[PDB]
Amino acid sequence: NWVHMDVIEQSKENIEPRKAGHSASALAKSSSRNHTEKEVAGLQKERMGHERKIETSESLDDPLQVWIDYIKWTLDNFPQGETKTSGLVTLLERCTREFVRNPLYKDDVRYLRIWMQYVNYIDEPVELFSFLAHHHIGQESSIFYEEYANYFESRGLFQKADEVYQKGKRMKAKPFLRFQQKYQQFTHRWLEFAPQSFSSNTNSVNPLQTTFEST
């Protein structure tokens, strides 16, 4: 029940850096892979199981769960992420595509997170964010604005990032505390890295302006 770090270290160069991190037990399993036809067959069986669950998923109240489990299974079994046999990106695609018109998941942050995992593999992410906005997906969530704004900021487009933040503020995206800190911090970075482009009032100083005349 306790995975030793020595065992994880044996596999360290197959571990994809991921914001969400990795499951310990999954890493234990990675370090012990024997790469035999049998092992591959076991994985093929489990995949089949997940695919059958997707088949029957409509009956369930919360069918997204089935995808989450499946996505997790992929992330867990392929610590390096996308490979031909992992099919990670394709799975993320099918999942994002599945729920687009579904009202139940519009504001569900799990679904949005799946979208954010997908966007890492996209050539032009701006089309993806625009897509979500157009479909009113994640618009009430701080994470959407964080990622959209981040794309712009990474590109160096601070003003564009601010516009995204403004929409979120009007949106009152939640949790509003997280959003507040994220926006604040961004503004800080904008003032540090590109002051000349900061478009909002700074109440800046005016050296030697006349504040009083006797007459």
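When you see a residue number, it is the position in the sequence shown, counting from 1.
J.: Mean Cα B factor from the PDB record: higher for 35-43, or higher for 65-73?
T.: Between 35-43 and 65-73, it is 35-43.
J.: Hey, which bit's got the bigger mean C-alpha B factor in the entry, 144-152 or 173-181?
T.: The deposited B-factors put 173-181 ahead on the C-alpha mean.
J.: Whose C-alpha has the highest temperature factor in the PDB entry: 86, 96, 102, 117?
T.: The record points to 102.
J.: Specify which of 15, 205, 24, 20 carries the largest Cα B factor in the deposited PDB entry.
T.: When the deposited C-alpha B-factors of 15, 205, 24, 20 are compared, 205 is largest.
J.: Quick one: classify residue 197 as lowest, middle or highest third of the chain based on its Cα B-factor.
T.: Its C-alpha B-factor belongs to the middle third of this chain's values.
J.: Select lowest, middle or highest to describe the third in which the CA B-factor of residue 136 falls within its chain in this entry.
T.: CA B-factor rank for residue 136: highest third.
J.: Divide the modelled residues of the chain into thirds by Cα B-factor and specify which third, lowest, middle or highest, holds residue 106.
T.: Its C-alpha B-factor, which the entry lists for residue 106, ranks in the highest third among residues of this chain.
J.: Name the third of the chain's ranked CA B-factors that contains residue 160, choosing lowest, middle or highest.
T.: CA B-factor rank for residue 160: middle third.
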